[PDB]
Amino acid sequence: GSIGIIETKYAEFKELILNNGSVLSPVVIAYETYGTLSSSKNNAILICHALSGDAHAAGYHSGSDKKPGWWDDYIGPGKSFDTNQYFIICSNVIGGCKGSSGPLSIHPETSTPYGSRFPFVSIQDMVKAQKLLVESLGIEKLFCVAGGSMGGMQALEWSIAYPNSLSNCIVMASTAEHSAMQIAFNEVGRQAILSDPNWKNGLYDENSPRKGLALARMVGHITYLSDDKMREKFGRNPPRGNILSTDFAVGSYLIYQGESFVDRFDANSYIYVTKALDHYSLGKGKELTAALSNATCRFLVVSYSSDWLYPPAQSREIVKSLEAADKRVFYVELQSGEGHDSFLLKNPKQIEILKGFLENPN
C-alpha cells in the first residue's frame, strides 16, 4: 500500500518568462515522482497541490516521519493513482515555499531570500512551469492531470493552456473563478500579514510575521467545519460567565490551531499563492464556455455535499460550460461531512469513481 521513502527532486531551467512581464532566471521546480514511467512515456499523471499542500503528495522522507504525503491514501501500489500502473508526478507551485522558485529563493545580489522582491505569479505561470518539468521528464502527453481546490484550478488551466498535452482532467472541489467569499477570506489573511509588526515590507529575515501568518492560516482550520458541525460546536446558547471566567481571555495560542512552529510556511508565499488564486478567472456562463472550448481531454468533476468553501454550485458551472462546449465530462457530487478538504480523505466512493475513470476511457 505505501510507496515508501521518497526524495524531493529539483528540476532547474534557464528562465521562465511570466505573464506579467517579469522573468524567473533560473526557474527551480521541486517535485516528487511515484511509480515507473513507461518506455512509451504515456502512463504519467500530474498531481497539482492545494493551498496547504506541496510536492510531497505520497510516502515518507525518513523512517521517523509522523505522517505520509498529503494524498497518500490515493497514491501508491493498488491505490487510486496506482503506482503499479502509473508514473505519478507532483510539484510545488512557483511562488510556493517548499522547494520551487519563490520568495524564499536566495537573491543573487543580497544572498538573502527574495521576499517581496519575488514577482507576482499567476496560475497560468504555475502551469507553464509544470509544462517545463513534464517535458524535461520526457513526457509529451500526460495520461491525467488531477487536483482538488487550488489544485483543480491548475488542472483546469492545463486542459485549456496545453489542451493536446493531456488525455484526462480531474477537477475536484474547485472553481473556474473565486467567489467574493473566497477572496475575502484570503484578503483578511493577507491583511493580517501586512499589519503584522514583523512584516517589514516583506523583507523580513531574522524575525518573520509569525502572528500574521498564523492568523492567515487559521482561516483554513476554522473553515474546515461543515454547517452542521459548526452549529454543533456553537449550539443555541453562548457560554456561561464572562471572557475571563471561561478562560476565553487566554485564547491567544489558539491562532496556531494545534499546529506547531516547525511545520513551516512563509508569509510572502501565502500572499503570492493566494493572489494567483484570487486573480484567476475563466469566468462563468458564455464566457466560461468560450474559454473551455479549447479543451480536448476528458473531464471528471467531483464536488462535495458539505463543502461550502468550493461548493457544488461552482463545480456545476464548470460542468454546464463543458456541456455547452460539447466536451467529454462526468460529474459526481459526493456526500461529505467536512468544510472543504474532503477530497483529501480516504473514501470508498471517491476511490471507486477515480479508479473507474482512469480504467475506462469512455
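All residue numbers refer to positions in the sequence shown, first residue = 1.
- Remark: stretch with higher mean C-alpha B factor among 229-237 and 183-191 is 229-237.
- Taking the mean C-alpha B-factor of each stretch as recorded, 150-158 and 77-85 are not equal, and the higher mean is that of 77-85.
- Take 173, 127, 255, 170 and read off each C-alpha B-factor from the entry; 255 has the highest.
- Of the candidates 131, 178, 221, 117, it is 221 whose Cα B-factor is highest according to the PDB record.
- In the PDB entry, residue 270 places in the lowest third of its chain by CA B-factor.
- In this PDB entry, the Cα temperature factor of residue 301 sits in the middle third of its chain's modelled residues.
- Ranked by C-alpha B-factor against the other modelled residues of its chain, residue 292 falls in the highest third.
- Among the modelled residues of its chain, residue 113 has a C-alpha B-factor that falls in the middle third, as given in the PDB entry.
- Placement of the Cα temperature factor of residue 245 within the chain: highest third of the modelled residues, per the deposited record.
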